[PDB]
Amino acid sequence: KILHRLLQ
Amino acid sequence: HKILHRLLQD
Amino acid sequence: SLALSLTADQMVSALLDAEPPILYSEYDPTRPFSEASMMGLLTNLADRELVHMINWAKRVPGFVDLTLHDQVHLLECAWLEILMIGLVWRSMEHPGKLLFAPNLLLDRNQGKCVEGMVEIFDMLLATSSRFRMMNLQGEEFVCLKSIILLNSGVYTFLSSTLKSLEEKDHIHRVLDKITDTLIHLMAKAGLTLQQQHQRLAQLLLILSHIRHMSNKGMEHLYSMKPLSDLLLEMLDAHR
Amino acid sequence: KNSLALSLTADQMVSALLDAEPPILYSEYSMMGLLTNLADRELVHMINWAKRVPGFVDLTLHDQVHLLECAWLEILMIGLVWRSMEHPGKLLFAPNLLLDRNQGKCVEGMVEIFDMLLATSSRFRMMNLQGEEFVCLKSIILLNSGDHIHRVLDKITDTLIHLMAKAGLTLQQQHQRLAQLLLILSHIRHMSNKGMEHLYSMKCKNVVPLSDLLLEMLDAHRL
Ligand SMILES: CN(c1ccccc1Cl)S(=O)(=O)[C@@H]1C[C@@H]2O[C@H]1C(c1ccc(O)cc1)=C2c1ccc(O)cc1
Ligand SMILES: CN(c1ccccc1Cl)S(=O)(=O)[C@@H]1C[C@@H]2O[C@H]1C(c1ccc(O)cc1)=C2c1ccc(O)cc1
């Protein structure tokens with residue numbers, strides 16, 4: 001997920 | 001008038 | 001202008017005296033559920049509560065100092081929030097259920113049968129549990145409800161005139177009084193100074209959740225098109 | 001549990017929140033096209049900002065995703081309102097995109113929200129809201145949008161009070177100001193909720209292409 005990925 | 005208006009005007 | 005002189009205790013007394021009653025339903029629990037029937041019951045109940053709410057509003061200090069337009073606007077803005085905070089208050093001692101009326105409980109299995117209601121249901125439940133865990137008192141509750149009435153519509157419009165700015169500031173002064181009154185209640189209940197502003201914040205943050213639920217609810221209301229003339233009017237204000 | 005937010009003194013919390021601030025971006029050089037592109041780029045900064053809010057990365061990743069999903073439009077809005085305070089009656093979307101109230105008219109449903117945003121801006125300016133209070137409010141929006149999370153919200157409340165006290169406000173004025181700011185959060189929740197409805201409507205009407213991140217963020221609420 002764009003959010004989930006970006007949060008990492 | 002609006003119903004709300006009338007219920008206040010009571 | 002008279003209301004700006006009220007003491008904390010006098011504010012609590014006025015608000016407690018003005019409290020609307022808890023109303024009952026004509027609900028017959030001895031037959032299978034019907035979505036259309038339950039909606040009708042909820043609409044009828046809501047419609048009867050609104051009449052009580054309008055007369056309660058006139059008894060909130062400072063409210064009748066406003067012109068008719070502003071009284072109307074505040075009620076139009078906050079009506080579903082006020083119904084909802086009432087529901088979560090009276091649902092408190094009843095985990096897992098929404099106590100619409102003492103004789104009309106809506107359980108979660110049944111709420112699932114209402115198309116799109118379960119998400120709002122769970123939010124209402126969480127809010128009620130929150131209050132129960134906080135051991136919200138009746139005195140604090142009536143302060144919060146008054147705050148919703150005065151606050152929810154106060155930022156809808158720009159002020160174009162000094163006069164308009166002043167009526168806006170009249171509302172803010174009354175709100176400052178209810179904040180004082182909330183703190184007064186907490187101090188008289190034993191709470192340390194830190195506890196008092198922490199409890200005040202927790203309660204006011206819950207009002208953001210109530211706004212959230214009201215907006216989601218309003219969405220569903222002008223999607224199923226039950227509604228009484230008064231409810232259509234109140235709804236129209238948001239549409 | 002392990003938590004930096006609960007380890008910080010009030011002055012450290014303020015310092016850390018100030019350090020975490022996203023930059024103010026410029027508009028690219030149709031109105032709906034400009035605003036969308038601007039919000040898209042702000043969202044990327046917002047995600048990295050949240051990772052710098054003390055307490056946020058101590059939450060589970062699922063919690064973190066959920067808070068950003070619920071709070072993103074609230075946070076864009078209070079940001080816009082903050083940078084518009086010096087421009088009464090106007091919305092400073094960016095230094096090269098200053099819109100008067102009435103430029104909100106071209107787009108269906110937008111000017112009513114503009115009025116609410118401007119009311120908010122006028123309120124903050126009249127209250128003389130300070131930068132340090134603002135970054136506290138922004139973190140409260142993030143954490144309240146959705147038990148450890150509540151301990152942190154308590155801590156940011158303490159920090160707000162602290163800032164007021166250090167500024168020389170009496171106890172009564174602190175309680176009143178705390179309440180005034182938190183009640184404005186209810187209004188910011190309102191605007192976000194109405195905007196989210198209009199955004200979904202715009203997606204359906206297919207007249208402006210919402211970005212991937214915006215589409216994904218939008219899909220969060222209709223869920
Ligand atoms: C409008 N909603 C809804 C949401 C999803 C599906 C169906 C519906 Cl009716 S909803 O927000 O739950 C809404 C809250 C709660 O139940 C719905 C509702 C309600 C209000 C008005 C009405 O004509 C019907 C229902 C409620 C209510 C009634 C009286 C109260 O004193 C408090 C609350
Ligand atoms: C979503 N809205 C909307 C409401 C009615 C009609 C059309 C729209 Cl886009 S709305 O809430 O105004 C929204 C607020 C404000 O203007 C709209 C908007 C915006 C957001 C996303 C987008 O794709 C387009 C516009 C704003 C914004 C942009 C950047 C910021 O840093 C802060 C805010």
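In what follows, chains are A, B, ... by sequence order, proteins preceding strands, each numbered from 1.
- The neighbour count for D:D212 CG, taken as heavy atoms of other residues, nucleotides or ligands under 6.0 Å away, does not exceed 12.
- To the nearest 0.5 Å, atoms CD1 (C:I183) and CG (C:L191) are separated by 9.0 Å.
- Applying the side chain to side chain donor-acceptor pair (under 3.5 Å) criterion to C:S146, with sequence neighbours excluded, gives no partner residue.
- Using modelled atom types, one side-chain atom of D:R177 and one backbone atom of D:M127 make a donor-acceptor pair closer than 3.5 Å.
- Side-chain polar atoms of C:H170 and C:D65 form a donor-acceptor pair below 3.5 angstrom.
- Distance alone, capped at 3.5 Å, places no donor-acceptor pair between the D:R123 side chain and the D:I184 backbone.
- The nearest pair of heavy atoms linking C:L83 to C:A46 is CD1-CB, 4.0 Å.
- Judged by distance alone, with hydrogens and angles left aside, the side-chain atoms of C:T127 form a donor-acceptor pair with the main-chain N or O of C:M123 at under 3.5 Å.
- The main-chain N or O of C:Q195 is never found under 3.5 Å from a side-chain atom of C:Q198 such that the two would form a donor-acceptor pair.
- A distance of 5.5 Å separates CE of C:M234 from CG of C:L75, quoted to the nearest 0.5 Å.
- The shortest side-chain heavy-atom distance between C:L74 and C:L66 falls under the 4.5 Å cut-off.
- Taking both residues in full, the closest heavy atoms of C:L106 and C:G111 are given as CD1-N, 4.1 Å, listed atom of the first, atom of the second, then distance.
- Donor-acceptor pairing under 3.5 Å is lacking for the side chains of D:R189 and C:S208.
- Between C:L200 and D:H175, the shortest heavy-atom distance links the atoms CD2-O, 3.9 Å.
- Aromatic ring orientation, D:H221 versus C:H212: perpendicular (interplanar angle above 60°, classes split at 30° and 60°).
- Side chain of C:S91 to main chain of C:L87: a donor-acceptor pair is present (N/O by atom type, distance under 3.5 Å, no hydrogens or angles).
- Defined by atom type and a distance below 3.5 Å, a donor-acceptor pair is present between the side-chain atoms of D:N144 and C:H209.
- Using modelled atom types, no side-chain atom of C:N135 and backbone atom of C:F131 make a donor-acceptor pair closer than 3.5 Å.
- Side chains of C:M38 and C:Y27 form a contact here, defined as non-hydrogen atoms less than 4.5 Å apart.
- With respect to the salt-bridge test (charged N to carboxylate O, under 4.0 angstrom), the residues A:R5 and D:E216 do not qualify.
- Ring centroids of C:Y155 and C:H172 are separated by less than 6.0 Å, placing the two rings close together.
- Taking the side chain as every heavy atom from C-beta outward, C:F33 and C:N109 never approach each other to under 4.5 Å.
- Between C:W79 and C:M218 there is a side-chain heavy-atom pair separated by less than 4.5 Å.
- One N or O on the side chain of D:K51 and one on the backbone of A:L6 form a donor-acceptor pair closer than 3.5 Å.
- C:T7 and C:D9 form no side-chain donor-acceptor contact under 3.5 Å, judged by distance and modelled atom types alone.
- Using modelled atom types, no side-chain atom of D:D40 and backbone atom of D:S211 make a donor-acceptor pair closer than 3.5 Å.
- For C:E81 and C:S152, the side-chain atoms include at least one donor-acceptor pair closer than 3.5 Å.
- Ion pairing between a basic and an acidic side chain is recognised when a charged N comes within 4.0 Å of a carboxylate O; C:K145 and C:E19 show such pairing.
- Judged by distance alone, the side chain of C:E140 and the main-chain N or O of C:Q137 form a donor-acceptor pair under 3.5 Å.
- With sequence neighbours excluded, the residues that form a side chain to side chain donor-acceptor pair (under 3.5 Å) with C:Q202 are D:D154.
- Listed here is the closest heavy atom pair of D:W82 and D:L129: CZ3-O, 3.5 Å.
- No donor-acceptor distance shorter than 3.5 angstrom exists from the side chain of C:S214 to the backbone of C:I210, with no hydrogens or angles considered.
- Scanning all heavy atoms of the two residues, the minimum distance from D:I78 to D:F134 falls at O-CE1, 3.6 Å.
- Put simply, the side chain of D:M32 reaches to within 4.5 Å of the side chain of D:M110, judged on heavy atoms.
- Listed here is the closest heavy atom pair of C:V88 and C:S128: O-OG, 3.0 Å.
- Counting only heavy atoms from C-beta outward, the side chains of C:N151 and C:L207 never approach each other to under 4.5 Å.
- Salt-bridge annotation for C:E76 and B:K2: present, with a side-chain N of the basic residue lying under 4.0 Å from a carboxylate O of the acidic one.
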